[PDB]
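Residue numbers (the entry's author numbering), protein chains in the order written: chain h, 2 to 106; chain V, 2 to 141; chain m, 2 to 174; chain j, 1 to 41, 49 to 113; chain i, 1 to 347; chain k, 1 to 98; chain l, 547 to 603; chain U, 40 to 357; chain g, 2 to 122; chain C, 54 to 105.
Each residue gets a CB set at the ideal place from its N, CA and C atoms; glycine is no exception.
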Amino acid sequence: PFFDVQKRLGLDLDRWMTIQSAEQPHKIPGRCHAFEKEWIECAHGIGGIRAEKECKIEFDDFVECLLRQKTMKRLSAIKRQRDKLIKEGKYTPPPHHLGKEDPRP
Amino acid sequence: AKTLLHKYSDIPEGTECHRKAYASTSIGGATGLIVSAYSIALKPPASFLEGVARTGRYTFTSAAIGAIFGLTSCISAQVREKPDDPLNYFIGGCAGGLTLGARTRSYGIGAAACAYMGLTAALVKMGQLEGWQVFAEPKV
Amino acid sequence: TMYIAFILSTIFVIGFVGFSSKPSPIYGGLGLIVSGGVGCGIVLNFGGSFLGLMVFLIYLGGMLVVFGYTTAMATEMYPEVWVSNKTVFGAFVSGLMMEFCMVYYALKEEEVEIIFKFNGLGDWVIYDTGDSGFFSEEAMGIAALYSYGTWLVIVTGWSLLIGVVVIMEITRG
Amino acid sequence: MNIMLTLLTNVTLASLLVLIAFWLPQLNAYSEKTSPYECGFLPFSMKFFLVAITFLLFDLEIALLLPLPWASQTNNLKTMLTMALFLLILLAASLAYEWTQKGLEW
Amino acid sequence: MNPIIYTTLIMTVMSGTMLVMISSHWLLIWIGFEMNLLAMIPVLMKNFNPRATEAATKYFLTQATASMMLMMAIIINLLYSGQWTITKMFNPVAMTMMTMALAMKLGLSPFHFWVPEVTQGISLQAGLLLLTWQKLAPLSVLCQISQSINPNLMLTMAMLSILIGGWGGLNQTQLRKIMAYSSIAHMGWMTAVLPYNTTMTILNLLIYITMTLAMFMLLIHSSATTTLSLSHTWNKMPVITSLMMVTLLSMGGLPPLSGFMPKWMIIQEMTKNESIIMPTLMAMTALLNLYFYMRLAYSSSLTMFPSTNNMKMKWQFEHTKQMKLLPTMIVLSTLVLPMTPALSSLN
Amino acid sequence: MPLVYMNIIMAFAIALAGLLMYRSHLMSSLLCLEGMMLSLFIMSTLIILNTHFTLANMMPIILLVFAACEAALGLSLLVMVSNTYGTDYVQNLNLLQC
Amino acid sequence: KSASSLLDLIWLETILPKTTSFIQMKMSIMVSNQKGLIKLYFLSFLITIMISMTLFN
Amino acid sequence: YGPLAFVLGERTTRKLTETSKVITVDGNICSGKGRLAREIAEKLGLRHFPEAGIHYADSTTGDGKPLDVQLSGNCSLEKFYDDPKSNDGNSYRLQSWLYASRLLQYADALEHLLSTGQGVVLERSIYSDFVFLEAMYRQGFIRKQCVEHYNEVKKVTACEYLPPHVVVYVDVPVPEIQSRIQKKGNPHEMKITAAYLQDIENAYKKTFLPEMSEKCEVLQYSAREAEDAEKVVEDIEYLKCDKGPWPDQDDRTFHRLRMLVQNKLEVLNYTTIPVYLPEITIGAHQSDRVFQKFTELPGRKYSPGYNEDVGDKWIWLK
Amino acid sequence: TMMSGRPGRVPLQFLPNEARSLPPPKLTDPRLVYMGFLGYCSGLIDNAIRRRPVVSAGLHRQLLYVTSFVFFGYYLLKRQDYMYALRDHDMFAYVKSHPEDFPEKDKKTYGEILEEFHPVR
Amino acid sequence: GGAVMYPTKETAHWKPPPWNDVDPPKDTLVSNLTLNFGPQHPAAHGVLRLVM
């Protein structure tokens, strides 16, 4: 029994904090503002049943932005291979990656 | 969980009776462990040895019932050469009930358990064949 | 010091085991003060200065101090440590062992999965590269409560006032 | 690292002083006071706890009042002012309830 | 308790439930639940008794654990979805945890244990509030998340609730405990169709509310808490106990009383979803509820227990209090079966 | 999820286990309940900060306030029970059965 | 004997009504343990949480 | 009066004054306590309550005319005086009925005090009815189980009320009591045993007077002293009001008590505790027959104002 | 949720304007008559509980019971009819919009079809 | 009448709940403290013992 008195009376009581793509103070953007915006715009009025399948790509990318699980997996794989190569002496981290070369401003 | 039921079902009826009984025994033992945990929590055992004894008793009873059911059903299907008869499951269920009575050392408990367990096992076989859904997925 | 946050999180778990072993209230209260202080450290490490000081000032400063107040006035217990009678000692040790097993399965095996998927990479990775300028995101958002969250303010205030009323009605005998 | 260093140094200094005050001074031999702690055997008055629960609730309301300095920078000054005054009025109302009714007995 | 303070506390409980049923943000729903608990404890302990204090403590402990688990599930859903709206939960583990918490708030078995104890400890008015109004908010939250609700878990909890409610009711003699176990069984019936059709749950909830209101008000009017104390009522006011008999028969669900409507519609919806074993077992187990209802009806009005000499003095005086809703509630809870096609209004 | 999130969730689980498995003092159970609130505070804070959910930085504070309110309630109930019985032992709460 | 007592008044009643009622009575006794201890049913709650998390994943 | 009136502002403490006091005059059988109680009420302006009788409830309701004993009370004091060890349980049934009547009387009195503000003088009370039951048990008139049930009924009912501010005891020796009873002339009174009177006196002086002394002042008076009403009134006036729990009460508690005493059925709710003692237990058939007879009585069929048989009209619009 | 989430459903609206296109429930509708019967029964029960003449006390009270029941029942029936009309309308529209999912089976006479005869012996 | 409809051996001894929801006061141990005004206390001037 979601008595949506908010929409009936046109009063926002908690919809401001429902999503991170909503207006935040001083226009401070959310970390995954773009992805959430895309997902919401895709799944607007098409129904939850259709949204679950049709807008799957948007939500998948949004979750990847939120948790960075696949990105972390890729970075961990790179780190593991790099460390393996270091143990065998088949790789030498470049001086700029070693910090020898000064960074750009 | 569902993997144990998968183990039991994957073994074709009237085949691999030892393996079928093993899977049924594992299922029964798991159920016994669950019952033992609930009994220990609700009815506190005075000593840790008492808790171990209660757990062992419940687990052994349930596992023995499951083993007897599985072996009886598979062997009945093998001998009859009819793996799609609910009678196989019924015979296994009644045998399991008799084993329960022996474990409880009560003939009346055994007889009633045989009747009810055999009926339920036959019903389970009938559902397996027809397609009866205990927890239907919301379809409307 | 790249894994400082992980060390703090492990100490947080250890303190949670310590007070969750249900020891003598006085020793438990400490098991909670220590864990609370660690958690504040973690929040500070992520940049939540205001929220970090929030738990230190309110949870640790007031909530747990009133908890200790009660334990002190209604003192009917025989003092014992976390490594006292086996009921508490065994629980503490077993909790620590479970945590250590999780840690080993988390570091040695990168993709540890018990009920959720966990990655063994240092938490520093999850940090986002961004600039807030002359801003305190945490402070600005929390201060927006008075501007954006008027409804939250109303409900929370009514809850507080009715809480005072309820406390008196309960503790009137 | 600086604040962590300060905390470490302060804690270690205090603990070292506690060492040199709890174990070092008791090394000096002072005979033995063969004096038993003669004990031969509860004021759980609400007068104390009440002071504690009320403090907890007022401290909670104070927590809600902490973000006020940054909240003064909002463009919606009227709304922020109204909400702040509302929270303060509720604090005063809670105090008044306890004072008017059987409270503040301390 | 001062009447003004009591009215404020009752309104606070109602406002918590309304916030739960009005909010679109998970945090606000949790806030509403917390307000309900805070304003419910004093109402439970309006009449200071050691049993009342024990009931309040147990209720607080259970509801606090439920709220903790609910907020944890909300936080996990936020972590895996970055969403606060009360919609399809996007994490299965959070869904399971939230289901456990909401079931504990409702009292569905195996989280039923606290319900009879708390109901027995608190007064008849507090029992009425606990078993009718406190059931609204968790059911509303469940209805909103019904799509994400795991059918298997919910069905298991509901069926166990029905079984355990019937069994417990069979052994009880205290009227409040009988009512509590019957409430557990009825909540099982309500939540069984939650994954299938929420409107049927609303229907069952409304009928249950009317029936429990009528029963509790009749108990208050008769001022009886045990089977014998209710048995004495026939000597003073036969009308009350006869109407109690009618309401008990409705609670059993025997046609053509109102109680048949929810069971009938629930079985209809479950059969539409190709589930036949589950509703059959549900009705066959509700027979036990009917059994203890019939035992109570026997002792109350169908048969006449011995009375006491002091009853003569009570005969002279008449009840001053008048519960205005009681007649309408009795009528709506007994004779409404000819009005099932009004189900559409709920939609 | 990062290992820190795993540790905090595990802390919540441990505190829940301690709360559900009472020993003697009801005070110890209340401590476990409040610990869980602390763990939820830390979890929500980290999530909000990482997501830069600026408008939702007020959620942990509200959680904290309501947490301490429900605690004030628990303590008040504990002292009522202790004053009646003499101790805060969970076993004392036995008058109500089933 | 055989019809009136042995079957009608003894076995027929033992087979269906008596048995079912006795089972219900024993189940009622088990459910209404009448212990009323927070420790026990809260431990049962913990067991339930674990079992649900494993079975329904 | 209800919760709304208390919300509106009706406070009992505003009406209550120093005069507002519950004064109970107690004593042994035929101690002349009634005369002294009347004198106290007249010289203090308080409202005197005659000692609760078997048909006290009959006076409060209906037309005040005592109903049939079979329909109201089912017990005889005269039978108890003639046969104190009857097999019909008349002794304990009478004692329990008297306790219920006195419980109603105390509530009726409190309601008067909390509504009008005028003090009340009562001849004995619930706190004093135990004396007769104890005497009966000592004499062997009633069995122990009857005493147990009476204690059960008292502990669940009397606690809800407030003990009297002043307990006046008219101490008349048992021989003088016997002399007065002989002069009284009542044959049933003449049948009263001396041991019963001695047990009553012993119960008073050893249980009632000390316990009441703990709660409040106990102005014990000799028969000669009781004759001087002026002195008795003066002593009561000079009693510290601190004696009694009334100084510890407030408008909220007084509101609770006033709501309690108004609902007479609530007052007598626990008088019918479902304990099946043969003395008090009435069979279902007899219960039904007697209740049907009671309902047939004019003015009892319908609620007051709706009994047209008594002259009520406009019922169609009532 | 069925039609709880229908597009264009104004929240907390008992009777939308589109319901007016549907025929109003007759004031002599048997369902409304049963509602009035329930109201009268409520009045009788109220009289019985308050120990006043069941069939004569408070004629105004019983009248108000009946009037309230009928009055609320009229709108209840109107809403019920509206919801059932919504059901039928949506079902027909869905069938029209999805012809492939609702085919027209070939209509064959009984002379053409073959039904096995099961003799009853 | 009784605690439960079908009582067991253990439950047989168990007493039905009290008529009023008021459980009897248990022990009623006094919390009045008996403090002693030790002489060393300044106010006692070293030579005063006030059992209070």
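A residue is called buried once 16 or more other Cβ atoms fall within 10 Å of its Cβ, and residue 355/U, having fewer, is exposed.
Using a Cβ-Cβ cut-off of 9 Å, residue 52/i is close to 74 of chain C, given in chain order.
The region 22-33 of chain V and the region 64-81 of chain V touch, with three or more beta-carbon pairs separated by less than 8 Å. DSSP lists 172/i as the bridge partner or partners of residue 57/C.
Considering only 21/m, 146/m, 8/m, 26/m, the residue with the shortest C-alpha distance to residue 90/j is 146/m. For residue 64/C, at least one C-beta of chain l is nearer than 7 Å to its own C-beta. With a minimum length of 4 residues, the unbroken runs of alpha helix (DSSP H) contained wholly in the region 253-286 of chain i fall at 260-272. Looking at 71/j, 76/j, 75/j, the one whose alpha-carbon comes closest to that of residue 68/k is 71/j.
7 Å or more divides the Cβ of residue 301/i from the Cβ of residue 211/i. In the three-state reduction of the DSSP assignment, residue 281/U falls in the coil class.
Restricting attention to 36/i, 288/i, 192/i, the CA atom closest to the CA of residue 129/i is found in 36/i.
Residue 312/U belongs to the set of residues whose beta carbon lies under 7 Å from a beta carbon in chain C. Residue 51/g and residue 61/g have their alpha carbons spaced roughly 15 Å apart.
Taking 7 Å as the cut-off, the Cβ atoms of residue 318/U and residue 198/U do not count as close. Around residue 80/k, the beta-carbon contacts reaching into chain i at under 7 Å are 53. At least one CB of chain i lies nearer than 7 Å to the CB of residue 326/U.
Nearest CB-CB separation between residue 596/l and chain C: not below the 7 Å threshold. Here residue 331/i is near residue 39/g, since their CB atoms are less than 7 Å apart.
Counting only runs of 4 or more residues that sit fully inside the region 229-298 of chain U, the alpha helix (DSSP H) segments are 233-242, 248-254, 262-266, 268-276, in chain order.
Taking the Cβ atoms as the reference, residue 26/h lies roughly 7 Å from residue 149/m, within the contact range of under 8 Å.
Just measuring C-alpha positions, the residue of 85/U, 246/U, 53/U sitting nearest residue 167/U is 246/U. Note on geometry: alpha-carbon atoms of residue 130/V and residue 161/i lie some 30 Å from one another. Proximity of residue 48/h to chain i, defined by a Cβ-Cβ separation below 7 Å, is not satisfied. For the options 5/m, 141/m, 29/m, 109/m, the alpha carbon positioned closest to that of residue 15/k is the one of 29/m.
79/i is the residue among 309/i, 58/i, 72/i, 79/i whose C-alpha sits nearest the C-alpha of residue 69/h.
The DSSP-derived three-state label of residue 193/i is coil.
The C-beta separation of residue 10/i from residue 20/i comes to about 16 Å, leaving the pair out of contact by the 8 Å criterion. Going by DSSP, residue 161/U is part of the beta strand (DSSP E) stretching over 159-162. Within the same chain, no residue comes within 8 Å of residue 156/i by CB-CB distance, once the 5 residues on both sides are set aside. For the 7 Å CB-CB criterion, residue 239/U and residue 129/U do not form a contact. Under a criterion of Cβ atoms nearer than 9 Å, the residues of chain C adjacent to residue 173/i are, in order, 54, 55, 56, 57, 58, 69. At a cut-off of 7 Å, the C-beta of residue 547/l has no neighbouring C-beta in chain k.
Closer than 7 Å to the CB of residue 330/i there is at least one CB belonging to chain g. By the CB criterion at 7 Å, residue 3/h and residue 36/h fall outside the cutoff. Under the Cβ distance rule, residue 327/i does not count among the residues neighbouring chain l, no pair being separated by less than 7 Å. In this structure, the alpha-carbon of residue 282/i lies about 34 Å from that of residue 13/g.
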